[PDB]
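Following: one structure in structure tokens, then a few remarks.
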Amino acid sequence: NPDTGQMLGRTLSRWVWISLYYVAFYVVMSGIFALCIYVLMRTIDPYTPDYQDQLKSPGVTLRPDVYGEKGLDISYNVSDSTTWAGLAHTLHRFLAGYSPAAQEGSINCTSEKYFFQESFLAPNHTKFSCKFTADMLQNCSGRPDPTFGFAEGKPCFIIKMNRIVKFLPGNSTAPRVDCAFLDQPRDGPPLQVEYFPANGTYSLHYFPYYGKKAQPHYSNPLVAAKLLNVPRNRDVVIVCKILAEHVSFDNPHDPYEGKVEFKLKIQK
Amino acid sequence: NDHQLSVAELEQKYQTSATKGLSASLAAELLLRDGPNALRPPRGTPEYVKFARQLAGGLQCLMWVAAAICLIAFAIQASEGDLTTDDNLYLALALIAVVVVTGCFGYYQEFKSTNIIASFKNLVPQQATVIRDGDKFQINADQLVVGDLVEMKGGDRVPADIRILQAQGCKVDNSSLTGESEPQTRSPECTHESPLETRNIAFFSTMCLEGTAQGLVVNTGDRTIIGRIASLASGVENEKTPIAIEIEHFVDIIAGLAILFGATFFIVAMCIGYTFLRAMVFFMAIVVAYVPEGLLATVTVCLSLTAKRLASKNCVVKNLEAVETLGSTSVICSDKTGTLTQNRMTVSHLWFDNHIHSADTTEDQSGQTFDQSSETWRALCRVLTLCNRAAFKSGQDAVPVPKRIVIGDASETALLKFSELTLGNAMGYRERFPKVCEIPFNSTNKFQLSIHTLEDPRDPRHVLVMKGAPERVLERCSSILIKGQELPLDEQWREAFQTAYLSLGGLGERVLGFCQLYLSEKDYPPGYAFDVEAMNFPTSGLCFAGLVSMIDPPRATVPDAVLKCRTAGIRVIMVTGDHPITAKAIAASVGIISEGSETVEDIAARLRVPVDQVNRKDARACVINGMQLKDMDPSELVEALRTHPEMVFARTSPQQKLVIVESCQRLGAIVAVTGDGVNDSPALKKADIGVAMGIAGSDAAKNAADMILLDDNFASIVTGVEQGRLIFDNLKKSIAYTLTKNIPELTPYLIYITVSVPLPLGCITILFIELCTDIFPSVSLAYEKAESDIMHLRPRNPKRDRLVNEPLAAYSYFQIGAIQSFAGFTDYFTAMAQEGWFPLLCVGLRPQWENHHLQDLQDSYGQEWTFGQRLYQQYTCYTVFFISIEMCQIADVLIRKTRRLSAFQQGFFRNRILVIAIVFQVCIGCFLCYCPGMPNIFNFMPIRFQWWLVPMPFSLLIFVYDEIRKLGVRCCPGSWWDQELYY
Ligand SMILES: CCCCCCCC/C=C\CCCCCCCC(=O)OC[C@H](COP(=O)(O)OCC[N+](C)(C)C)OC(=O)CCCCCCC/C=C\CCCCCCCC
Ligand SMILES: CCCCCCCC/C=C\CCCCCCCC(=O)OC[C@H](COP(=O)(O)OCC[N+](C)(C)C)OC(=O)CCCCCCC/C=C\CCCCCCCC
Ligand SMILES: CCCCCCCC/C=C\CCCCCCCC(=O)O[C@H](COC(=O)CCCCCCC/C=C/CCCCCCCC)COP(=O)(O)OCC[N+](C)(C)C
Ligand SMILES: CC(C)CCC[C@@H](C)[C@H]1CC[C@H]2[C@@H]3CC=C4C[C@@H](O)CC[C@]4(C)[C@H]3CC[C@]12C
Ligand SMILES: CNCc1ccc(OCc2cc(Cl)ccc2OCc2ccccc2)cc1
Ligand SMILES: *[C@@H]1O[C@H](CO)[C@@H](O)[C@H](O)[C@H]1NC(C)=O
Ligand SMILES: *[C@@H]1O[C@H](CO)[C@@H](O)[C@H](O)[C@H]1NC(C)=O
Ligand SMILES: *[C@@H]1O[C@H](CO)[C@@H](O)[C@H](O)[C@H]1NC(C)=O
Ligand SMILES: [Mg+2]
């Protein structure tokens, strides 16, 4: 097939013309594709997504997030501080973004009601986002206890709801965190939790979320669940559900929709 | 050998007796020394071997290699660290299942064809008459041994190869073994030196037609002539079909492209920081991706549809690959006796009223008759009807006259059928003229005579009718019946008779003379005692009536079939064992030799010069006999084949037929052989496609053949040529359609690996595209009509005109599949952006996107997504890419209907099957998208309507671009555009 005169059954001049034709074809097709993408992005709304087909209910995440091989699994040793040093460091790093210095961009919020904003009255053509500071977590804020209760055997777990643009959980009451044993200890009592803020609620003035362009300083409200009667040296499964009118947690194909389930083992 | 030896020289080699035969003990010892007098059955092949052969082939082997690569990559990934490796298992299972199901379908086709053909094979025990130590008893044919003295009579099959010791009017039918169409006389005298052309040898499995014969068994079993032919056929190797060669070339192209792309992207993956193991897995994935899954099934279904169409015309193929060979065929080597001709002596010409007439010789009598309104004709018909002893078997009224069974000689059978066809009710006309005297045919008189009585009671004259050899009749018959008048012979009628007789003889026909002589009332009154031992009745001074000649005529459809084959550019060569004069006459009759074409002998006869003085380049026609062929070296055979376009091979042995076929194949031609007898079984096996007659064909010929004509209709060859060319073109179109969609199935994976976007297309949806949605549209392209007069084109050049070539592959992949890939990615990015993921965020997102430990990944709007929600978005991307591919494939199937003509010219809805396939494809796509449970079963999502509309402008672009390309091809033949953009 290769030869000096007719390389791969085609002369050198003919190769030039066929290569030029293919180059022109691909340039035209790439230009058409780029035009289509440009038109798409010109029709995309910068503040609100066109559809939310996969975001009907919010996901729920937990800090500190430590994974095993099927989900979240937290296991440490009250005696051995090196077992929970990493967990407390993760909590400190996560709460670093909730200091007043990191919340200077948000404003004070007291309405306890939907913060419906139909105008861009915040600086640089934005909308106001409301403050959430670490001290709202009281004993689970990292002060005066820098161990977040892991040293004492009553660890704090930060529960955060995924934010969805213009999603409304329901205004009859504030959405609430509820943690319990997935399968209650047949010998031990039911799980005893203390929540920060009180009642484990997310205030209704953190909703709705208007996206990152309208609210570049937005911060997800947090709820801290301090577990108080976890048995020692024993595997337990904890499920924390979000209780709200428009939040569902019955999805068999997404175990993080509306709730978070982790395994907990505390050794003495 | 045994025929050149004398009776004294014989009778001692085999320790036998020419009069008493063999002793029983010696016969038993010889039956131990040699086998029983029978042919060993073919070794055959086990059914599991036959099925396993269906699992081989170039495409099958490519798919097996691809499955092996899938399994090896699965082993590597599972042994290193990798989950989500079920895709390799799915691909391997799909490849293996397609190969196995296609093999089962092909095995079923072969089983059905074998059953249909073998239903025509029956079984009857064979017995023989033998003489031992003076006794005579009926013994089974396989019990005979060499030296056995046997007895044969008319109607009995010859039990072995026999040297004739005594014979009484013995004639044999050698048409199946040799090419000879006329009955051959067996005499106890040697008349040639080859055993195949001497009258003192009778051949095993031939039929004794009339008379009696005695002789010694000189050859037995597989050592007989037919056994030697069967052994020769066993040594001939069946080569691969043209379609299999084209498929192997296509596999080579696919493998080369796969290796090139895999190596390039292996280098790219190395350059972008992948490990060697991951880059090798990527290379293997690309190589496997280039292997189509449903193409084997599509090709097999198209071939089966063509086979069904052929079987509708009583043309059965024993294997699916044989439905294209006739379309590719450039040379047809045709047998004469029993294949081009009916293998039945028939009245062809009549010479009366100083004119040579032509009878209707077609077996259906759909031909041209002669003038039957003359006094000479009405006397000649009476003579030939009365002077005939042949008789039909009873119970034949719905059977046509040519196919009716009659009792008598071949010549008398032909005369009786001619009487029944022209006069009508030959039995009634014969009984209305009672016979009072009769003299049978004998070797000395060489004529037959009989005296009858007239039908009208008023006339007491007795009519004498005589039939015999033309010169032995013209020596008598001082008067001749010309135009209803009894003229004398004035040396001008004796030269007109001689000219007519010589012309009929030179036309390769057997001629009989007829005459009549009414008896006077005075000399021979009613009640006269005619004595056969006194010759009282007059045997001279008769009234000559006419000459009747007979030949084995062509089948009705043969001349037009040959004309159409020659019009299609196919060379037709007659290869026959029969005599050169008959072979040349038949070749002229059927159009193998054209009107005006002359041989060197004809040119020499016209120019009054010796044969060597003429130029062989002036002779279009040529006749080569077996003796000349035996002294001919391959160079001279090739020279003769190239020099003379119209070629006839006469007196050709089975080995010489094999040699001629081999020479034609060595010249680069694709050769078809049409035959019926055992003598063409080796050539049938050697041919690129063997075609055997179903009714007239021997078992050996039908076994050697690839195609069987059940109804013995030769025009089925023309049908096969047309269907082969059509299926070649339509397979080209279907393959282009199938190959197009492989590029939009592969490019998303390449972008997924290199750019690290979330996966746009999954393995399951790729399998659905390959095996469920596009198979029916690809198959429906087999119903496309021809775009031109496909029967006026020359046969394709096997070296240059390939089934899949570079323009087809390049167009289908890197223009149409490129457009489809762009459509798919446009829809992918549209669906992603409308749900919150902008393209730039998509770039490089794959690790976070697929991370099971990230449950709050942020999109372009800052919304946090769980892994499950991202996975459902990924399934939506799968679905939009799938729908883009389907919408573009609708336009692809529309544009693949034609290669040169416009869709408007060919018709959008003329292919109802194609329209139904499009409807079915759309319905299956909608079902997959919107059936409940699909997201968690097959990972198809209920997409929004606008994602159906995004690829539609791309489908329109495909259609418009192909229409413009074909317009440029049609309007500028021979231009750069036609040379580079036409496939
Ligand atoms: C053999 C030859 C193959 C050639 C293939 C195509 C090559 C070129 C393709 C991509 C390279 C970039 C060029 C095209 C750029 C897109 C056109 C364009 O100018 O768009 C504008 C956007 C910027 O707008 P914005 O977001 O700032 O506006 C926001 C407005 N608000 C806020 C209202 C939403 O720029 C963008 O999106 C940039 C992101 C576009 C790129 C996405 C990733 C593409 C990767 C793979 C696709 C390849 C497909 C190949 C299929 C055929 C294979 C044979
Ligand atoms: C995965 C795919 C699943 C769906 C497969 C098909 C399901 C049934 C759908 C359609 C069946 C046929 C319905 C016909 C209705 C229209 C009426 C009609 O007028 O039509 C009768 C046709 C007449 O012929 P014509 O006038 O169209 O020919 C003209 C072209 N000329 C002459 C050159 C050959 O009768 C014929 O064609 C012969 C009988 C019909 C055969 C064509 C239908 C296709 C059948 C099998 C191929 C598909 C295989 C499936 C996947 C196998 C994987 C291994
Ligand atoms: C050639 C012969 C054609 C015969 C007709 C084809 C079969 C028609 C049968 C059924 C189709 C309608 C019923 C299914 C849709 C409703 C189910 C649904 O729910 O879809 C909804 C969208 O619906 C619509 O946008 C409006 C309906 C449009 C349907 C698409 C059109 C399909 C038609 C295709 C034919 C194209 C023919 C032209 C090109 C080819 C020419 C030869 C999906 O909901 P979502 O994505 O908002 O939910 C997302 C939330 N998540 C994911 C949690 C569930
Ligand atoms: C230059 C840019 C636009 C890309 C190249 C455009 C291509 C498709 C065009 C521009 C120049 C054109 C070529 C000019 C020269 C020749 C040689 C002639 O004997 C046949 C036409 C042919 C072969 C043309 C083919 C098509 C062609 C190669
Ligand atoms: C007509 N041919 C269909 C076809 C097209 C594209 C394609 O891409 C490869 C690929 C795609 C997806 Cl979605 C998932 C997995 C894939 O490879 C896995 C793999 C396979 C073999 C060896 C190593 C790895 C594969 C087959
Ligand atoms: C860790 O827990 C185990 C009991 O499971 C305990 O025996 C051990 O003392 C603990 N670690 C240390 C270093 O004390
Ligand atoms: C926000 O309001 C709280 C409660 O009144 C107050 O303690 C805090 O100082 C305010 N934020 C400012 C001004 O930093
Ligand atoms: C939190 O700390 C306060 C004192 O600062 C104390 O009264 C309260 O009981 C503590 N709760 C828990 C469970 O630590
Ligand atoms: Mg024959």
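The chains in the structure tokens are called A, B, ... from first to last as shown; in each chain the residues are counted from 1, and the ligands are counted from 1 in the order shown.
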
Contact set, chain A to chain B: 7 Å, only C-alpha atoms, as a ChimeraX atom specification: /A:33,36-37,40,47,49-52,54,59,61,162-165,211-212,253-254,256

DSSP strand (DSSP E) selection over stretch 130-262 of chain A, as a ChimeraX atom specification: /A:156-161,176-181,193-196,222-227,235-243,259-262

Selection to disk with N, CA and C atoms, as a compact mmCIF listing (two decimals), in the first residue's frame:
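The file below, part-v9.txt, is the result:
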# COMPACT_ATOMS: atom_id res chain seq x y z
N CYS A 156 -20.60 15.51 69.29
CA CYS A 156 -21.46 16.40 68.53
C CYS A 156 -21.36 16.05 67.05
N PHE A 157 -22.50 15.98 66.37
CA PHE A 157 -22.55 15.75 64.93
C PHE A 157 -23.30 16.91 64.29
N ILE A 158 -22.66 17.57 63.34
CA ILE A 158 -23.26 18.70 62.64
C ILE A 158 -24.07 18.17 61.47
N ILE A 159 -25.33 18.57 61.39
CA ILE A 159 -26.26 18.11 60.37
C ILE A 159 -26.61 19.30 59.49
N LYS A 160 -26.35 19.18 58.20
CA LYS A 160 -26.56 20.24 57.23
C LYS A 160 -27.43 19.74 56.09
N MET A 161 -28.42 20.54 55.71
CA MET A 161 -29.31 20.22 54.61
C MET A 161 -28.77 20.80 53.32
N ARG A 176 -37.05 20.57 61.22
CA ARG A 176 -36.47 20.10 62.46
C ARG A 176 -35.66 18.83 62.23
N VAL A 177 -34.55 18.71 62.93
CA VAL A 177 -33.71 17.52 62.90
C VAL A 177 -34.18 16.57 63.99
N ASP A 178 -34.29 15.29 63.66
CA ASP A 178 -34.66 14.25 64.62
C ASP A 178 -33.73 13.06 64.43
N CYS A 179 -32.89 12.80 65.43
CA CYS A 179 -31.97 11.67 65.41
C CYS A 179 -32.47 10.58 66.35
N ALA A 180 -32.31 9.33 65.93
CA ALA A 180 -32.74 8.19 66.72
C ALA A 180 -31.98 6.96 66.25
N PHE A 181 -32.00 5.92 67.09
CA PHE A 181 -31.46 4.63 66.68
C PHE A 181 -32.29 4.07 65.53
N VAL A 193 -30.86 12.95 72.78
CA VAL A 193 -30.12 13.96 72.04
C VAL A 193 -30.42 15.33 72.63
N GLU A 194 -29.40 16.18 72.65
CA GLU A 194 -29.57 17.61 72.90
C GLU A 194 -29.16 18.36 71.64
N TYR A 195 -30.03 19.23 71.16
CA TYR A 195 -29.86 19.90 69.88
C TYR A 195 -29.46 21.35 70.07
N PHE A 196 -28.55 21.82 69.23
CA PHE A 196 -28.19 23.23 69.16
C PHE A 196 -28.31 23.66 67.71
N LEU A 222 -27.13 25.37 60.36
CA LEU A 222 -26.59 24.15 60.92
C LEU A 222 -27.37 23.76 62.17
N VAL A 223 -27.43 22.46 62.42
CA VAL A 223 -27.97 21.91 63.65
C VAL A 223 -26.96 20.92 64.22
N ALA A 224 -26.64 21.07 65.50
CA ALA A 224 -25.70 20.20 66.18
C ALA A 224 -26.47 19.22 67.05
N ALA A 225 -26.21 17.93 66.85
CA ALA A 225 -26.84 16.87 67.63
C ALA A 225 -25.80 16.28 68.57
N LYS A 226 -25.95 16.55 69.86
CA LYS A 226 -25.08 15.97 70.88
C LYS A 226 -25.75 14.70 71.41
N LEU A 227 -25.10 13.56 71.20
CA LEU A 227 -25.65 12.27 71.60
C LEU A 227 -25.18 11.96 73.02
N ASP A 235 -21.47 -1.47 68.46
CA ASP A 235 -21.92 -0.87 67.21
C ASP A 235 -23.37 -0.41 67.34
N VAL A 236 -23.63 0.85 66.98
CA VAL A 236 -24.99 1.37 66.90
C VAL A 236 -25.14 2.08 65.56
N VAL A 237 -26.38 2.10 65.07
CA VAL A 237 -26.73 2.81 63.85
C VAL A 237 -27.65 3.97 64.21
N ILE A 238 -27.30 5.17 63.76
CA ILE A 238 -28.05 6.38 64.05
C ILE A 238 -28.64 6.89 62.74
N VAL A 239 -29.91 7.29 62.77
CA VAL A 239 -30.55 7.92 61.63
C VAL A 239 -31.06 9.29 62.08
N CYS A 240 -30.67 10.33 61.35
CA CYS A 240 -31.11 11.69 61.62
C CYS A 240 -31.98 12.13 60.45
N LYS A 241 -33.26 12.37 60.72
CA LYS A 241 -34.22 12.77 59.70
C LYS A 241 -34.52 14.26 59.80
N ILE A 242 -34.86 14.86 58.66
CA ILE A 242 -35.36 16.22 58.61
C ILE A 242 -36.88 16.15 58.61
N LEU A 243 -37.50 16.81 59.58
CA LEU A 243 -38.95 16.83 59.71
C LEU A 243 -39.45 18.16 59.16
N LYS A 259 -32.55 12.58 54.98
CA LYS A 259 -32.02 11.99 56.20
C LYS A 259 -30.57 11.59 55.96
N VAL A 260 -29.89 11.26 57.06
CA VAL A 260 -28.52 10.77 57.02
C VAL A 260 -28.39 9.66 58.05
N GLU A 261 -27.76 8.56 57.64
CA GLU A 261 -27.63 7.36 58.46
C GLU A 261 -26.16 7.00 58.60
N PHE A 262 -25.68 6.91 59.83
CA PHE A 262 -24.29 6.57 60.07
C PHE A 262 -24.17 5.49 61.13

Distance filter 12 Å around ligand 7, atoms: only C-alpha atoms and all ligand atoms, out as an MDAnalysis selection string: chainID A and resid 99:111 130:133 135:136

Would you mind exporting C-alpha atoms of the selected residues as a short mmCIF file (atom, residue, chain, number, x, y, z; two decimals), in the first residue's frame?
data_model
loop_
_atom_site.label_atom_id
_atom_site.label_comp_id
_atom_site.auth_asym_id
_atom_site.auth_seq_id
_atom_site.Cartn_x
_atom_site.Cartn_y
_atom_site.Cartn_z
CA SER A 99 -16.81 32.50 62.18
CA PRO A 100 -17.91 36.16 62.29
CA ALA A 101 -15.00 37.03 59.99
CA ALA A 102 -16.38 34.55 57.45
CA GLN A 103 -19.93 35.84 58.10
CA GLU A 104 -19.17 39.56 57.61
CA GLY A 105 -20.93 39.33 54.24
CA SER A 106 -24.27 38.30 55.76
CA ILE A 107 -26.68 40.36 57.85
CA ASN A 108 -28.51 39.82 61.12
CA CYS A 109 -31.75 37.87 60.74
CA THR A 110 -34.63 37.86 63.23
CA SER A 111 -37.92 37.52 61.31
CA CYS A 130 -28.53 35.86 56.75
CA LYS A 131 -25.78 35.10 59.24
CA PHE A 132 -25.15 31.74 60.84
CA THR A 133 -22.27 31.83 63.32
CA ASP A 135 -21.70 30.35 68.61
CA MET A 136 -25.29 29.45 67.69
#

Who sits within 12 Å of stretch 108-122 of chain B, only C-alpha atoms, same chain under 5 positions skipped, as an MDAnalysis selection string: chainID B and resid 47 50:51 53:54 101:103 300:301 303:305 307:308 311 314:322 692:703 705:711

Neighbourhood of ligand 5 at 7 Å, counting only C-alpha atoms and all ligand atoms, reported as a ChimeraX atom specification: /B:69-70,73-74,87-88,91,281-282,284-286,288-293,742,745-746,749,761-763,766-767,770

6 Å shell around ligand 3 using only C-alpha atoms and all ligand atoms, listed as an MDAnalysis selection string: (chainID A and resid 53:54) or (chainID B and resid 919 922:923 926 930 942:945)

Could you turn the residues from that selection into a file that holds N, CA, C and O atoms, as a CSV table (one decimal), in the first residue's frame?
chain,number,residue,atom,x,y,z
A,53,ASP,N,-35.5,18.7,38.2
A,53,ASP,CA,-36.1,17.4,38.1
A,53,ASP,C,-35.5,16.4,39.1
A,53,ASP,O,-36.2,15.5,39.7
A,54,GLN,N,-34.2,16.5,39.4
A,54,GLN,CA,-33.5,15.6,40.3
A,54,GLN,C,-33.4,16.2,41.7
A,54,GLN,O,-32.8,15.6,42.6
B,919,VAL,N,-41.0,3.4,12.2
B,919,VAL,CA,-42.0,3.5,13.2
B,919,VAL,C,-41.7,2.7,14.4
B,919,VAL,O,-41.9,3.1,15.6
B,922,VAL,N,-39.0,4.3,16.6
B,922,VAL,CA,-39.4,5.4,17.4
B,922,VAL,C,-40.3,4.9,18.5
B,922,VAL,O,-40.2,5.4,19.7
B,923,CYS,N,-41.2,3.9,18.3
B,923,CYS,CA,-42.0,3.3,19.3
B,923,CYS,C,-41.2,2.7,20.5
B,923,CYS,O,-41.5,2.9,21.6
B,926,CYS,N,-39.6,5.5,22.5
B,926,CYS,CA,-40.6,6.1,23.5
B,926,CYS,C,-40.9,5.1,24.6
B,926,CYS,O,-41.0,5.6,25.8
B,930,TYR,N,-40.2,6.2,28.5
B,930,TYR,CA,-41.4,6.6,29.4
B,930,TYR,C,-42.1,5.4,30.0
B,930,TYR,O,-43.1,5.6,30.7
B,942,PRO,N,-37.3,9.5,31.7
B,942,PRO,CA,-38.4,10.2,30.9
B,942,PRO,C,-38.0,11.6,30.6
B,942,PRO,O,-38.3,12.6,31.3
B,943,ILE,N,-37.3,11.8,29.4
B,943,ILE,CA,-36.7,13.1,29.1
B,943,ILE,C,-37.8,14.1,28.6
B,943,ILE,O,-38.9,13.7,28.2
B,944,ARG,N,-37.5,15.4,28.7
B,944,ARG,CA,-38.4,16.4,28.3
B,944,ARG,C,-38.4,16.5,26.8
B,944,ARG,O,-37.5,16.1,26.1
B,945,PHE,N,-39.5,17.1,26.3
B,945,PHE,CA,-39.8,17.1,24.8
B,945,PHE,C,-38.7,17.9,24.1
B,945,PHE,O,-38.4,17.5,22.9

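A distance search around ligand 6 (10 Å at most, only C-alpha atoms and all ligand atoms) returns the following protein and nucleic acid residues: residues 76, 77, 78, 79, 80, 81, 82, 83, 232, 233, 234, 265, 266, 267 and 268 of chain A.
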
Please, could you write that set of residues out with C-alpha atoms as an mmCIF file, in the first residue's frame?
data_model
loop_
_atom_site.group_PDB
_atom_site.id
_atom_site.type_symbol
_atom_site.label_atom_id
_atom_site.label_comp_id
_atom_site.auth_asym_id
_atom_site.auth_seq_id
_atom_site.Cartn_x
_atom_site.Cartn_y
_atom_site.Cartn_z
ATOM 1 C CA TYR A 76 -13.037 6.156 68.214
ATOM 2 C CA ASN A 77 -11.702 5.551 71.725
ATOM 3 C CA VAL A 78 -12.488 7.875 74.629
ATOM 4 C CA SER A 79 -9.314 6.662 76.378
ATOM 5 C CA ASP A 80 -7.164 7.260 73.265
ATOM 6 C CA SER A 81 -7.263 10.907 72.167
ATOM 7 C CA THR A 82 -5.566 10.167 68.834
ATOM 8 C CA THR A 83 -8.696 8.299 67.711
ATOM 9 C CA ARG A 232 -19.753 1.940 74.951
ATOM 10 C CA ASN A 233 -17.859 -0.730 72.994
ATOM 11 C CA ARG A 234 -20.865 -1.498 70.803
ATOM 12 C CA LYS A 265 -18.960 2.882 67.874
ATOM 13 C CA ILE A 266 -17.487 4.405 71.039
ATOM 14 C CA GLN A 267 -14.869 2.386 72.921
ATOM 15 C CA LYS A 268 -13.764 2.901 76.515
#
